[PDB]
Amino acid sequence: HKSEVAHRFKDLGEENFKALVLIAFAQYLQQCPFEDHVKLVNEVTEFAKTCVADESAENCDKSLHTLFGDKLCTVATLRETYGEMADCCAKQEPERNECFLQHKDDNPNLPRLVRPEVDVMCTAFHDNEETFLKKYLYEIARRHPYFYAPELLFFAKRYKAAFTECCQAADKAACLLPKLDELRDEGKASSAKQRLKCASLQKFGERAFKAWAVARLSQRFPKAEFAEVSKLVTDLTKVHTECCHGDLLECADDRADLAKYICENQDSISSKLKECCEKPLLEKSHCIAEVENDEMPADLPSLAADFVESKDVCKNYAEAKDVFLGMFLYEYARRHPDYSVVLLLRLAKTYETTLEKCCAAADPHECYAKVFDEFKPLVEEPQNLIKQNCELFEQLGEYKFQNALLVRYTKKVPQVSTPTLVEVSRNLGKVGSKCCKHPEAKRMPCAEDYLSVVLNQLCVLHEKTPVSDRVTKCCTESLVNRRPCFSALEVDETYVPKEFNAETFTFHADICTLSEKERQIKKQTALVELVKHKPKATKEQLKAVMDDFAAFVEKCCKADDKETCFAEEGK
Ligand SMILES: O=C(O)CCCc1ccccc1
């Protein structure tokens with residue numbers, strides 16, 4: 001509009017405005033205290049209200065990137081707390097905003113969020129409800145600087161709903177802790193899922209993201225025509241382009257417009273949207289993003305009639321390559337909800353390479369006649385992977401499957417730091433607990449598309465301080481071949497065994513007071529250090545060392561030896 005901050009304030013309302021601005025500052029300035037961010041948000045909100053009253057007021061005609069960029073450099077502790085980040089304010093937009101994105105720390109070096117007792121949180125929630133929810137938006141945004149901002153507003157609504165219901169219950173802990181544990185897990189998954197959308201945009205461009213969007217939406221909305229799916233992909237690409245670039249006010253506004261358009265044209269998109277569209281606005285967008293795949297229309301013609309057996313295959317492809325390739329991806333994705341997105345991208349990439357060399361010959365039809373037969377090896381390749389990994393997971397359980405994959409990937413890339421290897425390998429085991437129960441119909445889009453997210457975690461956490469060129473090679477190769485690049489890696493022989501440090505294998509009584517999950521990570525951290533020292537150690541001897549450590553921990557926690565049990569286990 002005329003005043004951009006007034007257009008977003010009037011579309012989103014003050015509540016969502018204040019919350020999104022808070023996320024914005026917390027994602028860029030991740031080290032500043034909570035009190036300093038509230039003043040900026042309130043100063044932005046007071047300034048925004050003056051523009052709603054008069055759009056032609058002072059400073060109201062500036063762009064959102066300019067207004068947000070200027071207020072960022074007003075903090076006196078910018079260069080003393082963030083270092084060289086202040087040097088980037090000497091640039092105009094958008095050259096200034098692009099640097100601020102580079103300084104977002106994916107591992108921001110922040111203490112773990114200790115959760116107070118249930119009676120303490122409930123008293124604080126009743127004292128100041130607005131401040132209590134602001135600290136939740138603040139603490140999550142810092143540790144997740146790319147978190148899907150409109151989706152974070154929804155998590156805050158459920159976080160508020162969990163306390164409103166449970167703090168009046170007779171047994172508050174039995175009510176609240178299950179909801180909080182589920183909210184944290186679903187929030188970590190949402191963070192990692194969105195971190196791949198931004199990496200795909202910031203490292204491979206919109207074309208690679210629109211192809212991903214076309215595939216998944218065609219599996220999800222098979223009844224919709226191509227022009228309808230393309231319209232949704234165009235609107236969805238602009239949303240995540242803004243969210244990943246920090247334009248959180250435009251992202252949540254455009255997402256609400258997109259959610260509203262789908263519901264007013266559901267009969268042209270999908271039949272699974274009747275219930276999702278009867279929810280409040282913030283819940284409406286979340287429901288649509290997780291709706292089931294609609295039933296594809298019955299009696300569909302084969303792709304060979306329009307893409308292999310036609311006198312205008314090369315004619316329509318030459319007239320518009322990406323449009324013709326986008327129709328092939330759409331027609332194939334809608335018919336195959338059992339394929340993963342990344343697989344459909346490989347089949348489209350293969351179909352593209354064939355049309356580039358065959359359409360230049362004199363007999364194109366005889367050249368690309370058997371193009372679909374080249375897809376058989378690509379389809380069976382991830383099925384052998386999932387089948388072998390799920391059989392290994394069903395015979396060990398999640399924890400032993402995590403350790404099995406923890407030793408496997410430590411031997412592949414031993415240079416990666418231990419905290420990064422532990423988190424990634426633990427998440428590589430959670431995909432087994434989530435997908436290996438589905439039948440072979442819905443198992444591939446579950447497993448392989450979640451491996452895309454987890455391996456992206458390895459890429460971003462290694463992108464900061466690279467220590468291994470093997471991860472860099474698989475991360476910057478072609479995005480869609482990331483998993484095959486890692487699944488084909490062998491044990492790194494050029495890695496020299498690390499030095500021996502006894503302080504790493506020394507513990508205290510603090511390990512007994514930790515939770516069972518925190519104890520597993522404490523032990524798995526010691527397992528990664530064991531594999532680095534002896535890369536050629538057999539898996540059975542690695543079990544003999546882990547069986548002694550798993551027994552030594554239980555021995556010292558039961559026996560009240562005043563942690564002298566841990567000190568005596570020195571050698
Ligand atoms: O083999 C690898 O490289 C990692 C396999 C990870 C995986 C887990 C569960 C299902 C499928 C795959």
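Residues numbered from 1 in each chain as written, not as in the entry; some residues may be left out. Heavy atoms only, no water. Residues with missing side-chain atoms left out of burial classes, pairs and counts.

- In the PDB header, X-ray crystallography is given as the technique by which the entry was determined, and 2.650 Å as its resolution.

**Digging into the overall build of the protein**
And step 1. Helix and strand content of the protein: 27 helices and zero strands.
And step 2. Relative to the 2.2 N^0.38 estimate, which gives 25 Å for 571 residues, the radius of gyration of the protein is 26 Å and therefore close to what a compact globule would have.
And step 3. Expressed as lengths along the three principal axes of its C-alpha atoms, the size of the protein is roughly 85 × 65 × 55 Å.
And step 4. By sequence separation, contacts in the protein at least 24 residues apart represent 71% of the contacts at least 6 residues apart. (Helix = DSSP H or I, 4+ residues; strand = E, 2+ residues; numbered from the N terminus. Rg over C-alpha atoms; globule rule 2.2 N^0.38 Å. Contact = heavy atoms within 4.5 Å.)

**Some points on the UniProt feature "binding site: Zn(2+)" in the protein**
And step 1. The positions that UniProt labels "binding site: Zn(2+)" are, in the present scheme, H65, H245 and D247. Of the residues just listed, which span 183 residues, no C-alpha pair is farther apart than 10.0 Å, and they cluster in one region.
And step 2. Tracing the backbone through its elements, the reader meets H65 in helix α3 (residues 64-72).
And step 3. Within the element layout of this structure, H245 appears in the loop between α10 (226-244) and α11 (248-264).
And step 4. Discounting chain neighbours no more than four positions away, the residues touching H245 are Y28, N97, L101 and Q202. (UniProt positions renumbered as here; feature names shortened; annotations may be inferred.)

**Quick word on the environment of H7**
And step 1. Considering the arrangement of structural elements, one finds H7 in helix α1 (residues 4-28).
And step 2. The spacing of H7 and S425 is 418 residues in sequence and 45 Å in space, taken between C-alpha atoms.
And step 3. Setting aside anything within four residues of it in sequence, one finds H7 in contact with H1 and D253.

**Observations regarding the state of the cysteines**
And step 1. For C243, the disulfide goes to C251, at an S-S distance of 2.0 Å. Here the S-S torsion is close to -85°, and the disulfide linking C243 with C251 is therefore left-handed.
And step 2. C314 shares a disulfide with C359; S-S distance 2.0 Å. Across the S-S bond linking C314 and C359, the dihedral sits near -85°, which makes this disulfide left-handed. Of this pair, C314 sits in helix α14 (residues 313-319) while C359 sits in the loop between α16 (341-358) and α17 (364-367), and the two are 45 residues apart along the sequence.
And step 3. No disulfide involves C32; its nearest neighbouring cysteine sulfur is the one of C73, lying 12 Å away. (Disulfide = S-S within 2.5 Å.)

**Things to note about the packing of helix α8 (residues 149-166) against α11**
And step 1. Interhelical geometry of α8 versus α11 gives an angle of 75° and a closest axis separation of 8 Å. Classed by the angle they form, the pair α8 and α11 counts as roughly perpendicular. Between α8 and α11, the contacting residues are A149, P150 and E151 on the first element and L248, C251, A252 and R255 on the second.
And step 2. Each residue belonging to the contact of α8 with α11 can be placed in one class, and the counts come to five nonpolar, no polar and two charged. (Axes fitted to C-alpha atoms, helices over the stretch in contact; angles between N-to-C directions. Parallel < 35°, antiparallel > 145°, perpendicular 65-115°, else oblique. Nonpolar A, V, L, I, M, F, W, Y, C, P; charged D, E, K, R; others polar.)

**Observations concerning the pattern of salt bridges**
And step 1. In this structure, the salt-bridge partner of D253 is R8, at a minimum N-O distance of 2.5 Å. Of this pair, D253 sits in helix α11 while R8 sits in helix α1; the two residues are 245 residues apart in sequence, bridging distant segments of the chain.
And step 2. One salt bridge in this structure joins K160 and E129, with 2.9 Å as the shortest N-O distance. Of the two residues, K160 is situated in helix α8 and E129 in helix α7 (residues 129-143); the sequence distance between them amounts to 31 residues.
And step 3. Salt bridges here are not isolated pairs; linked through shared partners, they connect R207, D322, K349 and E352. (Salt bridge = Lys/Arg side-chain N within 4 Å of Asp/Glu carboxyl O.)

**Observations concerning the domain arrangement of the protein**
Interfaces are often sized by the amount of accessible area the parts lose when they come together.
And step 1. Domain annotation of the protein identifies domain 1 (1-105), domain 2 (106-195), domain 3 (203-294), domain 4 (295-380), domain 5 (381-492) and domain 6 (493-570).
And step 2. On a C-alpha basis, the centroid separation for the pair domain 2 and domain 6 is 32 Å. (Domains from an automatic or database assignment.)

**A few points about the packing of helix α19 (residues 397-412) against helix α25 (residues 516-533)**
And step 1. Running from N to C, α19 and α25 cross one another at 30°; their axes reach a closest spacing of 10 Å. Considered as vectors, α19 and α25 are oriented roughly parallel to each other. Crossing of α19 over α25 shows right-handed handedness. The residues of α25 that touch α19, namely those facing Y399, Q402, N403, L406, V407, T410 and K411, are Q520, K523, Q524, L527, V528, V531 and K532.
And step 2. Residue classes in the contact of α19 with α25 are distributed as six nonpolar, five polar and three charged. (Left-handed = near helix turned anticlockwise from the far one by under 90°.)

**Considerations on the side chain of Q27**
And step 1. Topologically, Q27 is positioned in helix α1.
And step 2. For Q27, the side chain forms a polar contact with the main-chain oxygen of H144, separated by 3.3 Å.
And step 3. Apart from residues no more than four positions distant in its own chain, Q27 is found in contact with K104, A141, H144, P145, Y146, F147 and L248. (Polar contact = N/O pair within 3.5 Å; in protein donor to acceptor, adjacent residues only side chain to side chain.)

**Looking at the packing of aromatic side chains**
And step 1. Between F307 and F328, the aromatic rings sit 5.4 Å apart at their centres with planes inclined by 80°, giving edge-to-face as the arrangement. In this pair, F307 sits in helix α13 (residues 304-307) while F328 sits in helix α15 (residues 321-335), placing the two residues 21 residues apart along the sequence.
And step 2. Taking 6.3 Å as the distance between ring centres and 80° as the angle between the ring planes, the aromatic pair formed by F500 and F505 counts as edge-to-face.
And step 3. Here the aromatic residues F307, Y317, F324, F328, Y332, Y339, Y351, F372 and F375 are joined through ring pairs into a cluster of three or more.
And step 4. Cation over ring: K104 sits above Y146, and NZ or CZ is 4.8 Å from the ring centre.
And step 5. The residue whose ring lies beneath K412 is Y409, and the NZ or CZ to ring-centre distance is 4.5 Å. (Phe/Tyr/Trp six-rings, centres within 6.5 Å; stacked < 30°, edge-to-face > 60°. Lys NZ or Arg CZ within 6 Å of the ring centre and 35° of its normal.)

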